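Enquirer: Take a look at the following structure, please.
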Amino acid sequence: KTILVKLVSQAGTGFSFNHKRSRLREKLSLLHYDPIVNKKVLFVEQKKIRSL
Amino acid sequence: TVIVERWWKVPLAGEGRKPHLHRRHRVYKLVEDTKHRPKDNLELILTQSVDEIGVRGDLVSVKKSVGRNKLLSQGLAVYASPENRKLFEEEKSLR
Amino acid sequence: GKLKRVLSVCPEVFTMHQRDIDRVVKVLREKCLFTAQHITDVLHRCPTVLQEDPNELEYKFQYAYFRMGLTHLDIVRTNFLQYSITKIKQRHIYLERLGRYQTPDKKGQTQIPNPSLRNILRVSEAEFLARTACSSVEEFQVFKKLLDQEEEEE
Amino acid sequence: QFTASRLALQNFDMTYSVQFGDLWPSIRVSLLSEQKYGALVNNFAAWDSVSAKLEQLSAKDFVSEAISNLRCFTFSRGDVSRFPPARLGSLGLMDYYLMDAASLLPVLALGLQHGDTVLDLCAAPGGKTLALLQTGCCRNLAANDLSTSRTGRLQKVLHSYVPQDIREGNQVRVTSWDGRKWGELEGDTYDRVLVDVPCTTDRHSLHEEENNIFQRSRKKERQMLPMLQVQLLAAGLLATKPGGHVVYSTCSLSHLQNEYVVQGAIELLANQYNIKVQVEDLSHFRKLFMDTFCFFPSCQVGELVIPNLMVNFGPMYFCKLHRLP
RNA sequence: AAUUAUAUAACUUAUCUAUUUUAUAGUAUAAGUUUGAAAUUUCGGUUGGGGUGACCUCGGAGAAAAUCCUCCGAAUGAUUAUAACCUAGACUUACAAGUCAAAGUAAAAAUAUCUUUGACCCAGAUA
RNA sequence: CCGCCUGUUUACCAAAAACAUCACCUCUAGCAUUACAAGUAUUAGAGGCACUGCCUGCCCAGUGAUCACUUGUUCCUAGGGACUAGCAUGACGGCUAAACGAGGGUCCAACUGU
RNA sequence: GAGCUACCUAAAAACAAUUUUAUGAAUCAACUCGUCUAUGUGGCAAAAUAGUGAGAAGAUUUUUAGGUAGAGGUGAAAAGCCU
Ligand SMILES: [Mg+2]
Ligand SMILES: [Mg+2]
Ligand SMILES: [Mg+2]
Ligand SMILES: [Mg+2]
Ligand SMILES: [Mg+2]
Ligand SMILES: [Mg+2]
Ligand SMILES: [Mg+2]
Ligand SMILES: [Mg+2]
Ligand SMILES: [Mg+2]
Ligand SMILES: [Mg+2]
Ligand SMILES: [Mg+2]
Ligand SMILES: [Mg+2]
Ligand SMILES: [Mg+2]
Ligand SMILES: [Mg+2]
Ligand SMILES: [Mg+2]
Ligand SMILES: [Mg+2]
Ligand SMILES: [Mg+2]
Ligand SMILES: [Mg+2]
Ligand SMILES: [Mg+2]
Ligand SMILES: [Mg+2]
């Protein structure tokens, strides 16, 4: 099974995007483009949306 | 008392005119039933001595049931109207 | 004499509130379709029923009526209600899985004669396993724990 | 309007009662009830860490105790405790596989010898492969499955447990073709081969309503099972090299699907193709595993395992066949 | 079968009286809960007519652009160094939905490969 | 053969083996000024069902034997008490029974333009 | 709308002869019903006529006036009857 989760930007902005990960693995963290800051920054998982 | 409210809007009628109602305007919902409200007290001025309440001329706040069934009906008390207050206070001052 | 036994077993019958007594009686009548005479029989025979709350007595009766296929008279004669649900399920389910018990069909017939209810419940567990089921004591203990797990999952 | 499960129950009662006599009540109860799982470590990353953790919980490996390349942890006699779900390891592989311990008997008694090549004729997701891969220290291997989706399911299992490097070696190859047709393609190819014919899966048949062989529509399929089982067994018998070993395994209890299937394979092999298959006794193996397994020796061929409440690890039937030429 | 159901029958909480030192009695009514006498409404499609079966959407292979023709699969999963915004010109198509993409700008030092679902209304979640 | 019998029914295609019926059985109810009823458990209402006799009658707790253990059901903590001696099975068949019928069949005699 | 029909209330009425007995007995008129066959089929008749049949002192038949009304009434249940 897999779960849809919400990755939140740690730049101080509220920008977020949804990604997929299997429920077995650990919480995700990633680098992604933040439009409001116009730079690549870290996105850290904060909440779970749904199970798919 | 039961207070009700329409489900359906009634279009405005005008200044001197009355709205024309339809069969859908007869559907109601209950906003409140007054009997379930918290009870109030009644203000009275005693006219004769009575146990555990007072002697004479002293305003007392009593449950509505007691005031209407015992004090007023038996003549032991009078309504705390402005005139009744004025007469009793003057007698107390002169005494 | 009926009062004497009731008073000894259930001293609180007088103390109990009106509501509690009525519910036990009402369940026996409206939901269990017991006759007037049987109701007096059950109360006298097993006074503890009054203490038992409703929605548990109804389940116990329906368990026998539907799952075990017993009739009104059989329940009254054997004092079925006296026994606890845990004992009923532990023993009956064990026999059913073994194939030694059969729910009566729609026609009312059974291919194999079912064991007598007294043998199932009234007798001791050691005799019940040794004679009625011809099983081992250890197996029953394992089954009881397994049944407990299933109820927890349920 | 009998359900599929009821048909399975009815058929078992009429036949199993006669075959097993007074043991039918004991077998019947141990099927409808809960099953016991046995944890199998992944070796690799989980060789040390998880095994110590499981031992601290008092779960004891039966294979290790009996010996006193495969170690499978099982609970104490009559213990109802479960196993915690498998957890993801640091190195990137799953900690352990939980499976029916008796399902591993065909592997343990296959007489593995180093420097060999093995084939799995019909192992859909079966751990019988994953466990074999652990045993396949120095062995190239192959896998074939009739189905398509079930084949992919195996590959996913391989990812989680088998490290890629090993998979990169030709030892891991995925194929999905008819087993009987496979016999012509690769005759006398592998020294050791395991043939697990599709069986009635009695335990699953009663429990599972969906896709049950006992459904009315699948009656023709059910009736023809023994013939198809013989065909698959014969094909594997041809494929195994001269002097090779093959094992016939089934989940069912029916005498028809166990002894007749193997006897036909031997008879068909014996006459038409001028080959001789000589059975290898597993009696000593039976005694060693007495503590953790329950069985009865009536069957002429194979070591049938039955479900008992004390040790509810059945039912497994596995027969060993060695091709002398 | 779905939707209701102060027909009765029970209770419970208020309200109104009695008492009682909190307390048990009752009850021209309101709000709940339990029973159900009744009330309104309906009976998908293709498979001769039945009887058991099935089948209804999307993709792949044969017949070869027909079929109730012959078969297999799908309502995902794995790995991802994380794949922005903006915009000529086209495919596909009754409608709706679905594909591909130059230049420009921006992050970095350009595309993630495997290869398949669901409109509108109406309710959510947070910032 | 069916139904016990006299009775009843589809006005206008069915009169019967259907319905009712004496007999027998189950369920509900402790009571007054408009039915039941100016009545009160040998009473009233609701329902089922041929009668009659005749075989088949078994969920009383088991063994000892009015007595002891073993059970069971409960509590108080594996110990300690309490309760189970003011009672005591049941479920079918073949029966018919003379009489009776504008009921459905089989047969003999007589009779006749069938 | 119960002047037909279903059931009920009140007040009235009819029943020969013969054999049994002492009666939901018997033979068979009056009277009530309608088994079977033929005729008739825009018929004498929107259910009849001619024969032949069942009951006939009873749960019998008949007259007069009153009652129950359609989400209903009545029913020795034919889903019968209510112009
Ligand atoms: Mg570009
Ligand atoms: Mg008759
Ligand atoms: Mg007659
Ligand atoms: Mg009549
Ligand atoms: Mg007629
Ligand atoms: Mg007649
Ligand atoms: Mg007629
Ligand atoms: Mg009748
Ligand atoms: Mg007749
Ligand atoms: Mg003659
Ligand atoms: Mg009249
Ligand atoms: Mg008239
Ligand atoms: Mg006369
Ligand atoms: Mg008539
Ligand atoms: Mg006569
Ligand atoms: Mg006559
Ligand atoms: Mg007469
Ligand atoms: Mg009828
Ligand atoms: Mg009819
Ligand atoms: Mg008319």
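These residue numbers are counts, starting from 1, taken along the chain as shown.
Just so it is clear, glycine is given a Cβ too, placed from its N, Cα and C backbone atoms.
Straight out of Swiss-Prot:
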- D:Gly126, D:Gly127, D:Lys128, D:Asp145, D:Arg150, D:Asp178, D:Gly179, D:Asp196: S-adenosyl-L-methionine binding site (BINDING)
- D:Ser147: phosphoserine (MOD_RES)
- D:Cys251: active site, nucleophile (ACT_SITE)
Enquirer: Are there residues of the same chain, six or more positions away from D:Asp145 (S-adenosyl-L-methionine binding site), whose CB falls under 8 angstroms from its CB, and which are they?
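Expert: The answer is D:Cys122, D:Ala123, D:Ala124, D:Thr151, D:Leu154, D:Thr175, D:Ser176.
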Enquirer: Return one of helix, strand or coil for D:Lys128 (S-adenosyl-L-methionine binding site), based on DSSP.
Expert: helix
Enquirer: Fill in the CA-CA distance, D:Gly126 (S-adenosyl-L-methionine binding site) to the residue listed as 'active site, nucleophile', as an integer in Å.
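Expert: Counting only the Cα atoms, the answer is 13 Å.
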Enquirer: Tell me, how many other CB atoms lie within 10 A of the CB of D:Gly127 (S-adenosyl-L-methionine binding site), whichever protein chain they belong to?
Expert: 21
Enquirer: Identify, among the binding-site residues D:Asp178, D:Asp196, the residue whose Cβ has the fewest other Cβ atoms within 10 Å in this structure.
Expert: D:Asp178
Enquirer: Which one of these binding-site residues has the most other Cβ atoms within 10 Å of its own Cβ: D:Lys128, D:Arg150?
Expert: D:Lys128
Enquirer: Cα-Cα, whole number of Å: D:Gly179 (S-adenosyl-L-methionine binding site) versus the residue listed as 'phosphoserine'?
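Expert: Cα-Cα distance, D:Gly179 (S-adenosyl-L-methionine binding site) to the residue listed as 'phosphoserine': 11 Å.
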